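Asker: Here you go, one structure.
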């Protein structure tokens, strides 16, 4: 049974400013992913995760913010040659009120079983412009594990 | 190998007020769950997840709050014809102090490998009365994936 | 197929003060883990999870803090006879500013697909001294599920 899976983590080879509408792109495959003998999702030079096999995947994302804004939030965007624009599959948010801009650490994690198609690209974007995150391997990452085969469950109208 | 798994996400077809002790009930199966050819957990009209196969499951829950209370928290309640009342399997909490009631977004995620019996019902309740959450598919959801067969690991005394 | 997996949860048989640099050690296997007929990770008397089989694991941790500090954070430490000191595999953080020390609940969850070797020990430590957490089964836990075989993906230089 092939292990169609990959883990990519932050690697600045760690504070990174992410501009409005830019995807997080300081990802790098973990060693077990680099060494994996299995067909698997891959990482593009733009920071997108490139899915090569259709199925239901467990997808998980963590962004570790070190930021002074009251609200930090990310979205997982899915693109594909067969759809116009982006689809938002997952969202995480953390928020607290402060009167002054104090930098503070907050990791925002989410995960779900998601249907993904061969040819999909996945990117993580912040929902609002200019947030700072720590791109260190234990702090920020995106990974996915194929759980089952599946036909496309949606059709056009 | 059957994929005994399901994902249900928020769908108001998105802000919902959840009354004290009421379960979150604006769930709907994701398309891959609707289309799944496999035996799987199902969703009742009360919002409970109905487990049909005994085993160890990965269970995950996210509630996306948009609320002005200082503390937001949910509990995962397990019921079954063979037990009196509810069992709390999982709990999530987020809290910060503010002097005035400012609405702010906070997603509360948790997951674990849990033993579930055929006939179990699972519901998510807030721990305190009247919190508002965003019931949109990318923001709030509950899913489970059977990982292994298992006999009942507890017995009565 | 063996289910090489275990779940350990907080059990004070629930507020616990964890001293600086001490590992969380009020863990206990969940009933399905106690009853599992499979080879699996085990729990040491020091609170470390003892890995017995090399592979890629889904590892997840939740610490439920009930604490008055502005920042709460934990790290997952990996040790092994073949490495000097500790490796940090995973980190979670939550932070908000308050002018006075008000106790408040915050669960800090993270998970990832991690390469683990037979003989590894895993411990959860707080990053800063003296935080209080609730060691109740639904609130705080550490679990892992082996997903695939894997050779050691790193070599010395």
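Residue numbers (the deposited numbering), protein chains in the order written: chain A, 1 to 13, 27 to 170; chain A', 1 to 13, 27 to 170; chain A'', 1 to 13, 27 to 170. A prime marks a further copy of an entry chain.
Heads up, the beta-carbon is just placed ideally off N, CA and C, and yes, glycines get one too.
List the endpoints of the continuous alpha helix (DSSP H) containing residue 44/A''.
Answerer: Counting along the chain, the alpha helix (DSSP H) containing residue 44/A'' begins and ends at 44–47.
Asker: In chain order, what residues of the same chain have a beta carbon less than 7 Å from the beta carbon of residue 38/A, not counting five sequence neighbours either side?
Answerer: Taken in chain order, the residues that qualify are 59, 60.
Asker: If we define contact as Cβ-Cβ less than 8 Å, is residue 7/A' a contact residue for chain A?
Answerer: Yes, contact with chain A.
Asker: So that I know if they touch, is there some Cβ in chain A'' lying closer than 8 Å to that of residue 146/A?
Answerer: No, residue 146/A lies away from the interface with chain A'' (no Cβ there is under 8 Å from its Cβ).
Asker: I need the boundaries of the beta strand (DSSP E) containing residue 91/A, first residue and last residue.
Answerer: Residue 91/A -> beta strand (DSSP E) spans 84–92.
Asker: Helix, strand or coil for residue 17/A per DSSP?
Answerer: Placed between 13 and 27 in the numbering, residue 17/A has no coordinates, as chain A goes from one to the other without interruption by modelled residues.
Asker: Would you give the residue range spanned by the beta strand (DSSP E) that residue 134/A' belongs to?
Answerer: Residues 134–139.
Asker: What does residue 119/A touch in chain A'' if you count any residue whose Cβ is under 7 Å from its own?
Answerer: Chain A'' residues near residue 119/A: 106, 107, 108.
Asker: Going by the DSSP bridge assignment, what does residue 145/A'' pair with across the sheet?
Answerer: Residue 145/A'' pairs with 30/A''.
Asker: Give the DSSP-derived three-state secondary structure of residue 63/A in the structure shown.
Answerer: Three-state DSSP puts residue 63/A in a strand.
Asker: Around the C-beta of residue 53/A, are 16 or more other C-beta atoms found within 10 angstroms, so that it is buried, or is it exposed?
Answerer: Label assigned to residue 53/A: buried.
Asker: To the nearest angstrom, how far is the alpha carbon of residue 9/A' from that of residue 74/A'?
Answerer: Near 10 Å, if we compare the C-alpha coordinates of residue 74/A' and residue 9/A'.
Asker: Anything in chain A' within Cβ reach of residue 115/A'', meaning under 8 Å, just list it in chain order.
Answerer: Simply 110.
Asker: Using CA atoms only, rank isn't needed, just tell me which of 67/A', 139/A', 45/A' is closest to residue 32/A'.
Answerer: Nearest C-alpha to residue 32/A': 139/A'.
Asker: Output, in sequence order along the chain, the residues in the region 146–163 of chain A' whose CB is closer than 7 Å to any CB in chain A.
Answerer: Of all residues in the region 146–163 of chain A', 151, 152, 154, 156, 158 have a Cβ within less than 7 Å of some Cβ in chain A.
Asker: In chain order, what residues of the same chain have a beta carbon less than 6 Å from the beta carbon of residue 72/A', not counting five sequence neighbours either side?
Answerer: Hits under 6 Å: 127, 157.
Asker: Looking only at C-alpha atoms, which of 94/A', 101/A', 96/A', 97/A' sits nearest to residue 87/A'?
Answerer: Of the candidates 94/A', 101/A', 96/A', 97/A', the one whose C-alpha sits nearest the C-alpha of residue 87/A' is 101/A'.
Asker: Could you check what DSSP says for residue 81/A in three-state terms: helix, strand or coil?
Answerer: Three-state DSSP puts residue 81/A in coil, outside helix and strand.
Asker: Residue 128/A' CB to nearest chain A CB: under 8 Å?
Answerer: So, not an interface residue.
Asker: What would DSSP say about residue 101/A', mapped onto helix, strand or coil?
Answerer: Here residue 101/A' sits in strand by DSSP.
Asker: Under 9 Å between beta-carbons, which chain A'' residues line up against residue 86/A'? List them in chain order, please.
Answerer: What residue 86/A' touches in chain A'': 118, 120.
Asker: Of the choices 65/A, 108/A, 43/A, whose alpha-carbon is the least far from that of residue 152/A?
Answerer: Residue 152/A has its Cα closest to that of 43/A, out of 65/A, 108/A, 43/A.
Asker: Show which residues of chain A have a CB atom less than 8 Å away from the CB atom of residue 40/A'.
Answerer: Near residue 40/A' there are no residues of chain A at all, since even the closest Cβ is about 13 Å away, more than 8 Å.
Asker: Would you kindly work out how many angstroms separate the C-alpha atoms of residue 145/A and residue 122/A'', rounded to a whole number?
Answerer: Cα to Cα, the separation comes out at about 21 Å.
Asker: Tell me which residues share the same chain as residue 6/A' and place their Cβ nearer than 6 Å to its Cβ, disregarding the 5 neighbours each side in the sequence.
Answerer: Closer than 6 Å at the Cβ level, and outside the excluded window around residue 6/A', lie 46, 53, 54.
Asker: By how many angstroms is the C-alpha of residue 133/A'' removed from the C-alpha of residue 92/A''?
Answerer: Straight-line Cα distance between these residues: approximately 6 Å.
Asker: Which residues, in chain order, does the region 47–67 of chain A'' contribute to contact with chain B at a C-beta distance below 7 Å?
Answerer: Reference to chain B is not applicable here, since the protein chains of this structure are A, A' and A''.
Asker: Which residues in chain A'' have a C-beta closer than 7 Å to the C-beta of residue 81/A'? List them in chain order.
Answerer: By Cβ distance, chain A'' contributes nothing, its closest Cβ being about 15 Å from residue 81/A', past 7 Å.
Asker: Of all Cβ atoms in chain A'', is any one closer than 8 Å to the Cβ of residue 168/A?
Answerer: Not an interface residue.
Asker: Among 96/A', 50/A', 124/A', 129/A', which one has its Cα closest to the Cα of residue 104/A'?
Answerer: For the residues 96/A', 50/A', 124/A', 129/A', the minimum Cα distance to residue 104/A' belongs to 124/A'.
Asker: Counting contacts by CB-CB distance shorter than 8 Å, is residue 124/A'' in contact with chain A'?
Answerer: Cβ-Cβ to chain A' under 8 Å: yes for residue 124/A''.
Asker: Taking residue 65/A' as the reference, which of 137/A', 77/A', 3/A', 89/A' has the closest Cα?
Answerer: When each option's Cα is compared against that of residue 65/A', the closest is 3/A'.
Asker: Which chain A' residues sit within Cβ distance under 9 Å of residue 102/A?
Answerer: Within 9 Å Cβ-Cβ: 150, 151.
Asker: How would you call residue 118/A', buried or exposed, if buried means at least 16 neighbouring beta carbons within 10 angstroms?
Answerer: Buried: at least 16 other Cβ atoms inside 10 Å.
Asker: For residue 69/A', decide whether its Cβ has a neighbour in chain A'', counting only Cβ atoms nearer than 8 Å.
Answerer: Taking Cβ atoms only, chain A'' reaches closer than 8 Å to residue 69/A', which makes this a yes.
Asker: Are the CB atoms of residue 115/A'' and residue 110/A' nearer to each other than 8 Å?
Answerer: It is a contact, given that the beta carbons lie within the stated cut-off.
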